[PDB]
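Shown here is one chain on its own, the form deposited in one PDB entry, set out as structure tokens.
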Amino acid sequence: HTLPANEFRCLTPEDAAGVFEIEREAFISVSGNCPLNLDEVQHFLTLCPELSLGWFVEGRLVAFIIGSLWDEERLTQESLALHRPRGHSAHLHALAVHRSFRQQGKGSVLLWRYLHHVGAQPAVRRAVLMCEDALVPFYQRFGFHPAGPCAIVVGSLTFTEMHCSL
């Protein structure tokens, strides 16, 4: 009968379009590239939707986290497009908040819910991600520890890998 003021739920492939739209502004306008194109978003939301989370406000997506499983200590280039069903690491591929909803704790709220969400599943023992240097301290607030230069290369951008024990 109405659109809920707030709703948190795992994403589905039908949400791919909304996710990519946010990435356009959140990533592409910044670097001319993003972590997941439409096909890649649909890929993970098809194989492992349970490793995704979305925040909707009045029927519209405002924040999301899309992940998959990884089965190696460190992130690698191939890790970008893979889901290792037998892995024990929740690899956060993309995390973003709609431009009109930032700086109000939504990112922190979503990340914390995500960590508890994935850390409730019988194989996820760790969470891994890569981020720009300036964001390392932000993630340390969630239990993540800096783990050196990430091997993953994206254009002229370099990242610091971070791991969190769950």
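Numbers for residues come from their place in the sequence shown, where the first is 1. Heads up, when I say rigid core I mean the largest set of C-alphas that superpose within 1.5 Å between the two forms.
- Of the two segments, 138-146 and 5-13, the one listed with the higher mean B-factor is 5-13 (C-alpha atoms only).
- The stretch with the higher mean CA B factor, choosing between 22-30 and 105-113, is 22-30.
- For the set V57, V124, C131, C48, the PDB entry puts the maximum C-alpha B factor at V124.
- For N37, the recorded CA temperature factor ranks within the middle third of the chain's modelled residues.
- In the PDB entry, a CA B factor belonging to the middle third of its chain's modelled residues is recorded for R74.
There is also a form deposited in another entry; it is not shown, and the following applies to it.
- Of the residues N33, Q140, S108, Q121, just one CA atom moves 2 angstroms or more between this form and the one not shown under rigid-core superposition; it belongs to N33.
- Core-superposed comparison between this form and the one not shown: CA of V19 displaced by 2 Å or more.
- If you fit the rigid core between this form and the one not shown, you'll see the Cα of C48 move by less than 2 angstroms.
- In comparison with the shown form, the Cα-Cα distance of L129 and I28 decreases by at least 3 angstroms in the other form.
- The pair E21 and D133 separates in the other form: their C-alpha atoms are at least 3 Å more distant from each other than in the form depicted.
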